[PDB]
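Here is the structure we will look at, set down as structure tokens.
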Amino acid sequence: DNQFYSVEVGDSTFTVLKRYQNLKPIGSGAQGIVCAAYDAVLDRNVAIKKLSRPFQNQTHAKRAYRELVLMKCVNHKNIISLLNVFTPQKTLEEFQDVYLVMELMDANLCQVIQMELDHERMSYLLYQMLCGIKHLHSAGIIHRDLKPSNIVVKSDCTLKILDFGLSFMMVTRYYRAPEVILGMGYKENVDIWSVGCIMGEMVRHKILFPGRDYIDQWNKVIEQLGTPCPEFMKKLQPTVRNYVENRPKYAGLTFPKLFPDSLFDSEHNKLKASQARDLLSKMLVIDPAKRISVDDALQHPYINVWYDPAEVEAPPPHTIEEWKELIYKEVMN
Ligand SMILES: CCCn1c(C2CCNCC2)nc(-c2ccc(Cl)c(Cl)c2)c1-c1ccnc(NC2CCCCC2)n1
Ligand SMILES: Nc1ncnc2c1ncn2[C@@H]1O[C@H](COP(=O)(O)OP(=O)(O)NP(=O)(O)O)[C@@H](O)[C@H]1O
């Protein structure tokens, strides 16, 4: 196919449409390799993600298929939007790779976490994550795995969530809600805990709960926030309830102690620091029955200054062989 050309990207070969030029590797993960490129047709820089045989197993396949479908069943500036999708392969028999194209972003939220932000930028980023999550919820999509490596930003402070969230692979749990860690039921505000973890990390410049596994994760949570109420214990399955109730007890630390003044000059900034800590205290709540909702977070004074109805109330959205065919059909449309 004359429309495509191949480029060497590390150990991988990127076979892309000739419109994408000066391919440069910008990162990789378990799912695929990402390049920056110049799109000569749009006269814009783009990010190109290659999915190598996404149908290779149930985990890669479910994710690739669910993401391809959801990216069409979603329309919001704080959620990933595709510019293009293609395969260099001509037939289902030859089908191997899927290439996804979107606007090139400047940095991920990890990089943003490593810097000091003022309250306008910090509140604007959090407002955008909430707008993004609210849009997902309105379509019945509850993320459950928001993390800063899957959130990208531009120099103008605009933000996008790259994925749609939630089993053997031949993964980052730090932002997962207690009700996800403990196999409890969950509602929309499961995503509010992850936003709290991210916000807390934006302020501390350190992962709040850096667990090597779910056991370690649960200990780091209780060591800082304290042992949850008996009413929370009442919602756990007997086995999880016995394990959680037999863990070493902790009174927990107060939010001024957790996020000291040292982490936050002018009167404006003093008031905003007070409001940021109040919002952190409402999101970083173990019990989802007592944790603030996405709607109430958007009405919080720290966030409310950015409130725009057009952004908050935007119009709402197998075997290896079967997955191969389902993914191929989605790519071909
Ligand atoms: C590669 C850096 C960030 N990124 C990732 C990561 C996410 C965490 N796991 C590893 C990959 N996926 C995409 C991405 C996700 C979905 C699609 Cl469809 C496309 Cl094409 C790209 C982008 C990205 C997206 C846009 N711009 C950028 N820009 C980089 C530039 C260098 C600094 C980090 C951000 N990365
Ligand atoms: N906020 C963080 N601070 C520091 N290190 C982190 C943080 N989050 C994740 N990491 C590390 O960054 C590395 C990449 O993590 P991650 O982006 O979650 O994986 P991934 O394969 O790129 N995800 P995906 O694209 O969804 O398949 C791992 O070594 C993590 O332990």
Side-chain angles (χ1 to χ4, degrees), residues 9-10 12 14 16-17 20 22-39 42 44-52 54 56-57 59-64 66-71 77-87 97-115 132 143-156 158-167 170 172-176 194-211 213 216-217 220 330-331:
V9 174
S12 192
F14 263 62
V16 304
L17 289 162
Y20 303 117
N22 195 222
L23 264 73
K24 301 207 167 194
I26 58 172
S28 64
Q31 208 204 9
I33 318 299
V34 186
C35 284
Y38 172 63
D39 177 352
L42 289 171
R44 277 166 84 170
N45 300 301
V46 297
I48 305 172
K49 180 162 80 178
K50 180 191 179 188
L51 303 182
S52 308
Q56 65 185 270
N57 61 66
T59 311
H60 288 302
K62 185 88 174 287
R63 189 182 159 178
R66 185 169 168 267
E67 279 175 350
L68 274 167
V69 168
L70 296 180
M71 278 179 308
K77 63 174 161 200
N78 302 125
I79 303 298
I80 183 192
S81 180
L82 287 193
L83 291 168
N84 211 352
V85 47
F86 66 90
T87 177
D97 311 310
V98 173
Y99 293 81
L100 306 175
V101 186
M102 70 176 280
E103 203 196 323
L104 181 64
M105 308 287 281
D106 296 318
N108 66 17
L109 203 56
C110 294
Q111 295 173 281
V112 165
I113 272 158
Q114 288 177 280
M115 61 192 70
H143 201 291
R144 286 190 288 156
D145 200 16
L146 283 156
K147 67 195 100 187
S149 64
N150 281 321
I151 302 157
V152 285
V153 307
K154 279 206 279 187
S155 288
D156 66 355
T158 64
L159 176 151
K160 299 186 194 287
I161 300 173
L162 303 168
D163 75 322
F164 300 91
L166 325 165
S167 55
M170 264 284 192
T172 306
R173 288 179 195 91
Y174 317 139
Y175 311 88
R176 286 177 192 184
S194 307
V195 176
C197 292
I198 291 165
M199 179 179 185
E201 190 170 339
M202 270 157 93
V203 175
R204 285 203 189 157
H205 309 284
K206 272 184 266 185
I207 298 162
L208 293 194
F209 319 112
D213 52 74
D216 193 41
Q217 185 78 231
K220 302 278 204 293
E330 208 48 59
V331 173

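Along the sequence shown, residues are numbered consecutively beginning with 1. Note that ligands are numbered from 1 as they come in the structure, with each ligand's atoms numbered from 1 the same way.
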Query raised in the report: If hydrogens are left out, which of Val101, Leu83, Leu162 has an atom nearest to atom 14 (C) of ligand 1, that is, the closest non-hydrogen atom?
Result: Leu162
Query raised in the report: Are any non-hydrogen side-chain atoms of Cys35 and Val9 less than 4.5 angstrom apart?
Result: yes
Query raised in the report: Just wondering, do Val16 and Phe86 contact through their side chains at under 4.5 Å, heavy atoms?
Result: yes
Query raised in the report: Against heavy atoms of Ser149, which atoms of ligand 2 measure under 4.0 Å?
Result: 16 (P), 17 (O), 18 (O)
Query raised in the report: Which heavy atom of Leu146 sits nearest a heavy atom of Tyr175, and at what distance?
Result: O-CB, 3.1 Å
Report task. Answer yes or no: does an N/O atom from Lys147 fall short of 3.5 Å to an N/O atom of ligand 2? Result -> no
Query raised in the report: For ligand 2, does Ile207 get within less than 4.0 Å through its side chain, its backbone, both, or neither, judged by non-hydrogen atoms?
Result: side chain
Query raised in the report: Given side chains that start at C-beta, do those of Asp163 and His143 come closer than 4.5 Å, heavy atoms only?
Result: yes
Query raised in the report: To the nearest 0.5 Å, how far apart are CG in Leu51 and CD in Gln56?
Result: 10.0 Å
Report task. Quickly, which of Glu67, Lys160, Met71 forms a side chain to side chain contact (heavy atoms under 4.5 Å, CB included) with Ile80? Name it, please. Result -> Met71
Requested in this report: Just let me know how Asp163 lines up against ligand 2, side chain, backbone, both or neither, with a heavy-atom cut-off below 4.0 Å.
Outcome: neither
Report summary line: Here the atoms of ligand 2 under 4.0 Å from any heavy atom belonging to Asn150 are 26 (O)
**Report entry** Sole residue of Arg63, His60, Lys50 in side-chain hydrogen bond (donor to acceptor under 3.5 Å, both in side chains) with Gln31
**Finding:** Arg63
Query raised in the report: Heavy-atom distance to atom 28 (N) of ligand 1: which of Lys147, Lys154, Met105 wins?
Result: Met105
Requested in this report: With heavy atoms of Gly29 as the reference, note each atom of ligand 2 found under 4.0 Å away.
Outcome: 21 (O), 22 (O)
Report task. Output the list of atoms in ligand 2 that are nearer than 4.0 Å to some heavy atom of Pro148, sorted by atom number. Result -> 1 (N)
Query - Contact atoms of ligand 1, heavy-atom distance to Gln111 under 4.0 Å - result: 32 (C), 33 (C)
Report summary line: If we number the atoms of ligand 2 from 1 as shown, the ones under 4.0 Å from a heavy atom of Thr172 are 8 (N), 9 (C), 15 (O), 16 (P), 18 (O), 30 (C)
Query raised in the report: Looking only at protein heavy atoms, which one is nearest to atom 3 (C) of ligand 1, and how far off is it?
Result: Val152 CG1, 4.1 Å
Report task. Could you tell me the residue and atom name of the protein heavy atom closest to atom 35 (N) of ligand 1, and the distance to it rounded to 0.1 Å? Result -> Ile26 CD1, 3.9 Å
Report summary line: Among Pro25, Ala107, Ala47, the residue with a heavy atom nearest to atom 25 (C) of ligand 1 is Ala47
Query - Enumerated ligand 2 atoms positioned under 4.0 Å from heavy atoms of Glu201 - result: 1 (N), 2 (C), 3 (N)
Query raised in the report: Taking C-beta and beyond as the side chain, do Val69 and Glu330 meet within less than 4.5 Å on heavy atoms?
Result: yes
Query raised in the report: Which of the atoms of ligand 1 are close to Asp106, meaning less than 4.0 Å from one of its heavy atoms?
Result: 32 (C)
Requested in this report: Quick one: closest heavy-atom pair of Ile33 and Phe14, and the distance?
Outcome: O-CZ, 3.4 Å
Report summary line: For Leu82, the atoms of ligand 1 under 4.0 Å from one of its heavy atoms are 18 (Cl)
Requested in this report: For atom 6 (C) of ligand 1, find the nearest protein heavy atom and state the residue, atom name and distance (0.1 Å precision).
Outcome: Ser149 O, 4.3 Å
Report task. For residues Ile113 and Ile207, determine if any side-chain heavy atom of one lies less than 4.5 Å from a side-chain heavy atom of the other. Result -> no
**Report entry** Residue-ligand contact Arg63/ligand 2, heavy atom below 4.0 Å
**Finding:** yes
Report task. Check ligand 1 against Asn150 and write out every atom of the ligand that is under 4.0 Å from a heavy-atom position of the residue. Result -> 7 (C), 8 (C)
Report task. Answer side chain, backbone, both or neither: which part of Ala30 comes under 4.0 Å from ligand 2, heavy atoms only. Result -> both
**Report entry** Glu103 to ligand 1, any heavy atom closer than 4.0 Å
**Finding:** yes
Query - Sub-4.0 Å atoms of ligand 1 with respect to non-hydrogen atoms of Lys49 - result: 16 (C), 19 (C), 20 (Cl)
Query raised in the report: Taking C-beta and beyond as the side chain, do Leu162 and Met105 meet within less than 4.5 Å on heavy atoms?
Result: no
Query - Qualifying residues under side chain to side chain contact (heavy atoms under 4.5 Å, CB included), relative to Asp39, sequence neighbours excluded - result: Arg19, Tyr20, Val41, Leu42, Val46
Query raised in the report: Is a side-chain donor or acceptor of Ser52 paired with a backbone partner of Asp97 at a separation under 3.5 angstrom?
Result: no
Query raised in the report: With atoms numbered from 1 as shown, which atoms in ligand 2 lie under 4.0 angstrom from a non-hydrogen atom of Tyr174?
Result: 31 (O)
**Report entry** Straight-line distance of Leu159 CG to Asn78 CG, nearest 0.5 Å
**Finding:** 6.0 Å
Requested in this report: Mark yes or no for whether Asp145, through its side chain, and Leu166, through its backbone, hold a donor-acceptor pair below 3.5 Å.
Outcome: no
Query raised in the report: Side chains of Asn84 and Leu17: closer than 4.5 Å at any heavy-atom pair?
Result: yes
Requested in this report: Before signing off on this row, confirm whether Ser28 and ligand 2 have an N or O atom pair separated by under 3.5 Å.
Outcome: no
Report task. Could you check atom 21 (C) of ligand 1 against the protein and tell me its nearest heavy-atom contact, residue, atom and distance included? Result -> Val34 CG1, 3.9 Å
Query raised in the report: When you measure from atom 16 (C) of ligand 1 to each heavy atom in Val46, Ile48, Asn84, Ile80, which option holds the nearest one?
Result: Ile80
